[PDB]
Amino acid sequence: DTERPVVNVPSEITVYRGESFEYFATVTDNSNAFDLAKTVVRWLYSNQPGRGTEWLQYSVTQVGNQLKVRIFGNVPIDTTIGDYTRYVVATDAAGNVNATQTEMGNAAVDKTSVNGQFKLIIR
């Protein structure tokens, strides 16, 4: 298997201070199998949710041949509002990833996006 998985996520997810949120991303792959230990919702620098979005959580289930990545959390009242680039990073059973760290960095430089990239919009 040399074909990488493909994530389907809303380009932008809008959340609000003092409120809970729940969104869903879907992942497919030619193999229909995934490495859940290597599937995460994270910011650019590490597998963490990120500064100012420390409360961003995720849960992974599989329904048929598709991953269902739940993107959820509760937004504290004292949150800094703004826009936060985050990523649904998914790995198939063979270790192919939807977006590499180099692809993510290149896209940030060029003000563009990679597969699985989305904006968490806090208002």
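Quick note: we count residues from 1 along the sequence shown, nothing fancier.
In this entry, the higher average B-factor at the C-alpha atoms falls on 106 to 114, of the pair 106 to 114 and 8 to 16.
Across the options 69, 44, 63, 90, the residue with the most elevated CA B-factor in the record is 63. Residue 81 sits in the highest third of its chain by CA B factor, as recorded in the PDB entry. In the PDB entry, residue 49 places in the lowest third of its chain by CA B-factor.
In this PDB entry, residue 97 carries a Cα temperature factor that places it within the middle third of its chain's modelled residues. When all modelled residues of the chain are sorted by CA temperature factor, residue 37 is found within the highest third.
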